Amino acid sequence: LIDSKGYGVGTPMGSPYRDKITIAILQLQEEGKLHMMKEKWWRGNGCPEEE
Amino acid sequence: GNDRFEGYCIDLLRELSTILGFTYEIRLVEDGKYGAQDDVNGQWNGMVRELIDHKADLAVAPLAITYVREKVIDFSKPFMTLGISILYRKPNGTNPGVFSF
Amino acid sequence: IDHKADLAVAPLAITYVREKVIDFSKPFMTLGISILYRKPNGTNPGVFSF
Ligand SMILES: CCCCCCCC/C=C\CCCCCCCC(=O)O[C@@H](COC(=O)CCCCCCCCCCCCCCC)COP(=O)([O-])OCC[N+](C)(C)C
Ligand SMILES: O=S1(=O)NCN(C2CC2)c2ccc(F)cc21
C-alpha cells in the first residue's frame, strides 16, 4: 500500500444522516456483516496455478 | 425498478435502510465521474457536485475519503480499508537456472 | 461526557458503544484484534544428523 484511505458514504455538508450512518456502519462492523458481504463478492475463482 | 442492481455496495445500502428506515431510489450520475475541482472555474464533477448542489441525499459508492473532498461534502466513517497499489502482469516465464544440480 | 477535558488523544478505538456517547474523528491508525502467542522452539539440526 502506497497510502491508506477509505470509503465514506458521502453526505452534503450539514446532513443529519451523517451520524445515523456513522453509528450504522459501526453496527454492521461489530456484528460482522461487513466481512460477510466482502467475502461474498471479493470471493470467486481463487487462482489455482501457483501450487 | 431498483432491483437490477447487485454487489457489495447495493447489499450494504439495503442494510442501512433496514436499521434507519427509508426506501432508497438509486440514481446514477450522468456525468460518469466521481469528483474533481477544475483549475479554471473552481467547479466540480460527478458525485461530489450532486451533493453540493443538493441533487442527492447520499452517495453510497466507492467514494474514497480525501482531503479536498471533505472540505465540501461530509463523509461517514469508512466501511472498507484500501490504499493505492500497483497492478501488473504476473510473470509467466521461468528463470533459466541451467545448472540446478 | 462531563466536559472535564476537551480532546482524547490516546489509543481510543472507534467502537459502536463509544460512538453513541462521544464523538471521534476519523482514524489515524488502523487496528485489528489478533493473537499474541509464543514462537516455537529450535530444533538445532546437529552435525551428526546423518
Ligand atoms: C557431491 C556429489 C558429487 C561429487 C563429485 C565432484 C563434486 C566436487 C568437485 C568439484 C566441485 C564443483 C562445484 C564448485 C563450487 C559450487 C558453486 C560454484 O561456484 O560452481 C559454479 C559452476 O562450476 C562448475 O561448473 C562445476 C564443474 C564441476 C567439474 C568437476 C568434475 C570433476 C572431474 C575431474 C576429473 C579429474 C580426475 C583425473 C586426475 C588424475 C557455479 O556456477 P555459476 O556459473 O557461477 O552460476 C550458475 C550459472 N547460472 C547463472 C546460469 C545459473
Ligand atoms: O482516510 S481516513 O479516514 N484517515 C486516514 N486513515 C488512517 C491513516 C491511515 C484511514 C485509515 C483507514 C480508513 F478506512 C480510513 C482512513
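You'll find the structure just up there.
What counts and what doesn't
The numbering scheme counts residues from 1 along every chain following its written sequence, independent of the entry's numbering, with residues that lack coordinates not shown. Labels follow written order: the first chain is A, the first ligand is 1, and so on. Part of a larger assembly is shown; the reported values describe that part exclusively. Note that water and hydrogens are dropped before the side-chain values are worked out from all heavy atoms of the structure. By the criteria applied, helices consist of DSSP H or I runs no shorter than four residues and strands consist of E runs no shorter than two, each listed in order from the N terminus. Throughout, the radius of gyration refers to the C-alpha atoms, and the reference size of a globule is 2.2 Å times the residue count to the power 0.38. Exposed residues in this analysis have more than 50% of their type's maximum accessible area, buried residues have under 20%, and partly exposed residues fall in between, with area computed by a 1.4 Å probe over protein chains only. Contact definition: two residues touch when any of their heavy atoms are within 4.5 Å. The method behind every accessible area is Shrake-Rupley, applied with a 1.4 Å probe, and residues are considered shielded solely by the protein chains displayed. For the purpose of charge, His is not counted, nor are the chain termini; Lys and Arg are scored as positive and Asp and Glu as negative. We put the charge of a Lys on NZ, of an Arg on CZ, of an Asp on CG and of a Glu on CD. Summed over both partners, the accessible area lost on bringing two parts together, with a 1.4 Å probe, is the buried area. Whenever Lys or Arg places a side-chain nitrogen within 4 Å of a carboxyl oxygen from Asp or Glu, that contact is recorded as a salt bridge. Definition of a polar contact: a pair of N or O atoms within 3.5 Å, with one able to donate and the other able to accept a hydrogen when the atoms are protein atoms, and with sequence-neighbouring residues admitted only if both atoms are side-chain atoms. Polar here means any residue other than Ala, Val, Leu, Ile, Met, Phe, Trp, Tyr, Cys and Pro, which are nonpolar, and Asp, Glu, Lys and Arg, which are charged; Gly is therefore polar. Following DSSP output, two strands are said to pair if at least two bridges run between them. Helix axes use the C-alpha atoms of the stretch in contact, all axes being lines fitted to C-alpha atoms, and the angles between their N-to-C directions lie in the range 0 to 180 degrees. With respect to orientation, any angle under 35 degrees is reported as roughly parallel, any angle over 145 as roughly antiparallel, any angle of 65 to 115 as roughly perpendicular, and every other angle as oblique. Like charges are joined within 9 Å and nonpolar side chains (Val, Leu, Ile, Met, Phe, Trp, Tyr) within 5 Å, but only among residues with over 30% relative accessible area and no salt bridge; these make up the patches. Distances are taken per atom, and a residue is near a molecule or strand as soon as one of its heavy atoms is within 4 Å of it.

Draft legend 1. Up close: the overall build of chain B. Helix and strand counts for chain B stand at two helices and one strand. For chain B, the N- to C-terminal ordering of α and β elements is α-α-β. Over its C-alpha trace chain B gives a radius of gyration of 21 Å, far above what one expects of a compact globule, namely 13 Å for 101 residues. Looking at chain B residue by residue over its 101 residues, the buried ones come to 33%. Restricting the contact set of chain B to residue pairs at least 6 apart, pairs at least 24 apart contribute 26%. Split by element, the accessible area of chain B, about 7,300 Å² in all, is 52% carbon and sulfur. In chain B, 11 positive and 14 negative side-chain charges are present, and the distance between their average locations comes to 7 Å.

Draft legend 2. Region of the structure containing the interface of chain B and chain A. The interface of chain B with chain A comprises 37 residues on the first partner and 32 residues on the second. Buried surface at the junction of chain B and chain A, summed over both partners, amounts to about 3,500 Å²; 68% is from carbon and sulfur atoms. When residues of chain B are sorted by the area they lose upon contact with chain A, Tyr8(B), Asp74(B) and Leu82(B) head the list and together hold 19% of the total. For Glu70(B), the salt bridge goes to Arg18(A), with nearest N and O atoms at 3.4 Å. Where chain B touches chain A, the interface holds 16 residue pairs in polar contact. Those elements giving two or more residues to the side of chain B that touches chain A turn out to be helix 1 (8-20) and strand 1 (81-82) of chain B. Looking at which element gives the most residues to the side of chain B that touches chain A, the answer is helix 1 of chain B, with seven residues. Tallied by class, the residues present in the side of chain B that touches chain A amount to 22 nonpolar, six polar and nine charged. Here strand 1 (residues 5-6) of chain A runs beside strand 1 of chain B; their pairing, made up of two bridges, is antiparallel.

Draft legend 3. Molecular detail of the packing of helix 1 (residues 17-31) of chain A against helix 2 (residues 33-41) of chain A. Residue and element names in this part refer to chain A. Packing of helix 1 against helix 2 brings their axes to within 5 Å, and their N-to-C directions diverge by 75 degrees. As far as their axial angle goes, helix 2 and helix 1 are roughly perpendicular. Touching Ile 25, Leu 28, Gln 29 and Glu 31 of helix 1 are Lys 33, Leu 34 and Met 37, all from helix 2. Its residues assigned to classes, the contact of helix 1 with helix 2 comprises four nonpolar, one polar and two charged.

Draft legend 4. Molecular detail of a nonpolar patch on the surface. A cluster of nonpolar side chains, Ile2(A), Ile84(B), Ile86(B) and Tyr88(B), forms an exposed patch at the surface whose accessible area comes to about 540 Å². By the secondary structure assignment, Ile86(B) is in the segment after strand 1. Note on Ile86(B): relative accessible area 70%, which makes it exposed.

Draft legend 5. Structural detail: the site of ligand 2. Around ligand 2, the structure places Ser4(A), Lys5(A), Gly6(A), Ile65(B), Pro78(B), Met80(B), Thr81(B), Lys26(C), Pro27(C) and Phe28(C). Two or more chains meet at ligand 2, and those chains are chains A, B and C. Compared with its free state, where it exposes 370 Å², ligand 2 has 78% of that area covered by protein. Its residues placed into classes, the shell around ligand 2 shows five nonpolar, three polar and two charged.

Draft legend 6. Spotlight on the site of ligand 1. All residues adjacent to ligand 1 are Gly97(B), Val98(B) and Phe99(B). Taking 1,200 Å² as the accessible area of ligand 1 by itself, protein coverage stands at 9%.

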